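# fold the following and give me the result.
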Amino acid sequence: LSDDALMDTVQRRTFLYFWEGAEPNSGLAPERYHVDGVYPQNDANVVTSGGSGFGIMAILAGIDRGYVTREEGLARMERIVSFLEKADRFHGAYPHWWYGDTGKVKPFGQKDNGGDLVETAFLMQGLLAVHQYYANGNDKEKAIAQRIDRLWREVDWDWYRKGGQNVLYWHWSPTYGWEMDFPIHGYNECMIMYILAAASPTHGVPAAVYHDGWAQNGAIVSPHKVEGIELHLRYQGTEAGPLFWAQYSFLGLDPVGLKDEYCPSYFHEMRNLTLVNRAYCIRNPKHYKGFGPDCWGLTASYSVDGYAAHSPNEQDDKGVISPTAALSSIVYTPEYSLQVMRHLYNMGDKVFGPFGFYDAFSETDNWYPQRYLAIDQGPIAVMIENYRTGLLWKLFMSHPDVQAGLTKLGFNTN
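Residues are numbered from 1 along each chain as shown. Structure as follows:
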């Protein structure tokens, strides 16, 4: 089985999470999919906005490869856009969750019952990619693009500055206001939210919002070594974050040759964060079964005792490998990621299920859940596509508002 053949199989099955596993009314990605049919939160119909952005990009890659016909793919995009035009919005921003059948918000926590700007950014990164795919298509495709541009123009990023501060807040509630009180400072998984906030052709934010808020005037630059590997940035509350922090903002945003005032190369920073993750698993100081060069990758996912923000350190390491971590880093470490992909595939049905690799597993605890999460499946399909053809990067980087946003914030590609 060639690397191309293996990638084709992993891509086709991961695509089926979003094609066949979608909530029927919305056509969107449910937060989770349990092969066992047992849902502790009884939320099979609860759709995630962020994961749906990844899912929409996963469906786009499928259409381009011919997994579904041009007509079938357009019928799905139309269904998704119709749901988004109707579902609950908070100053144009989308909540973390909705009930897929009604489009009503599902609070992600008591006071988190409104807009979630980070999740809105992950959805918009996907929608701008579909916009660029259909912008020069037939008349029906161009009409779909026009509807997407209206949703994009309706997101009021500037509102989330909480009365003109030079920072973006994560949440806003119509009942609890600003009570979640989370201003977003880098570095974490949320960079694309500041790039899209600056890109908005209607409610765009000043550059000061990125320089004073995200970068905190250079405080985001903090060179340090982790596992003998040099990292350039300050990671929020950690020496090296979970591997998804190197992936979510780079599904559409092309890291190759990307640089700005705070990082001479986002590609090399994220490659090093991947290498730190792999180095920790190879070291395996907690002596977990299976951890090594063929099996590595620590990120946030289901865990033996529930859900956990796994990261490459002894406090967050629980003996749980999440296939999304190593596999969505294929664009940074092609050989090491294909090594884990080849090894995970050879473990059989216990980890490679109907909609691709299952969320997480522990060889030590003999814990092999037959469960998926949209946010872990999404990056696998998109990063394999970007590695193979650069499709999602080409589409997203071609958007004129995105290009103006990158220039505004001082980003460069060379």
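# thought residue 355 was touching residue 377?
Yes. Counting by Cβ atoms under 8 Å, residue 355 touches residue 377, with 6.7 Å between them. All C-beta spots, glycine's among them, are computed from the backbone N, C-alpha and C.
# SS state for the nearest residue to residue 191 once chain neighbours are set aside?
Distances taken as Cβ to Cβ, 6 or more residues apart in numbering place residue 249 nearest to residue 191, at 4.2 Å, with adjacent residues excluded. Three-state assignment for residue 249 (DSSP: H, G, I helix; E, B strand; the rest coil): helix.
# can you give me the distance of residue 249 to residue 176?
27 Å (Cβ to Cβ, to the nearest Å).
# wait, the residue nearest to residue 191 touches residue 190, no?
Yes. Counting by Cβ under 8 Å, residue 190 is a contact partner of residue 249 at 7.1 Å.
# looking at those two, which is more packed in?
residue 249 (26 against 21; other Cβ atoms under 10 Å).
# mind listing the helices for the stretch 51-200 of the chain?
70-86, 117-134, 139-154, 191-199 (DSSP state H, counting those that start in this stretch).
# hmm, I typed the wrong one, I wanted the stretch 251-400 of the chain.
Under DSSP H, counting those that start in this stretch, the stretch 251-400 of the chain gives helices at 266-283, 323-327, 334-346, 374-388, 391-397, 400-408.
# quick one, the first one and helix 334-346 angle?
For helix 266-283 and helix 334-346, the angle between their directions (axes from the mean of the first three to the mean of the last three Cα atoms, to 10 degrees) works out to 50 degrees.
# what comes up buried for helix 266-283?
Neighbour-count burial for helix 266-283 flags 266-267, 269-281 (criterion: 16 or more other Cβ atoms under 10 Å).
# same deal with the last one?
Within helix 400-408, the residues scored as buried using 16+ other Cβ under 10 Å are 401-402, 405-406, 408.
# who touches the residue nearest the centre of the chain in this structure?
Of all residues in the chain, the one closest to the mean position by Cα atoms, centre = their mean is residue 248, 3.3 Å from it. Residues counted as contacts of residue 248 (Cβ atoms under 8 Å, 6 or more residues apart in numbering) are 50, 54, 122, 189, 192, 379.
# residue 128 now?
With contact set as Cβ under 8 Å, 6+ apart, residue 128 has these partners: 148, 152, 196, 252, 395-396, 399, 401-402.
# rerun at 10 Å
53, 148-149, 152, 196, 199, 252, 395-399, 401-402 (Cβ atoms under 10 Å, 6 or more residues apart in numbering).
# what's the answer for residue 303, then?
Residue 303 touches 309-310, 318-320, 322, 359-360, 362, 365, 367, 369, counting by Cβ under 10 Å, 6+ apart.
# picking that back up, now tabulate the helices of the stretch 51-200 of the chain in CSV and tack on distance to residue 327.
Below are the helices of the stretch 51-200 of the chain laid out as CSV (distance: least, Cβ to Cβ, whole Å):
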stretch, distance to residue 327
helix 70-86, 24
helix 117-134, 18
helix 139-154, 28
helix 191-199, 20
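# burial count for the nearest residue to residue 45 once chain neighbours are set aside?
Leaving aside its chain neighbours, residue 45 sits nearest to residue 100 (4.9 Å; criterion: Cβ to Cβ, 6+ apart). Residues near residue 100, counting by other Cβ under 10 Å, number 27.
# doesn't residue 49 make contact with residue 100?
No. Contact criterion Cβ atoms under 10 Å: residue 100 and residue 49 do not qualify, at 11.2 Å.
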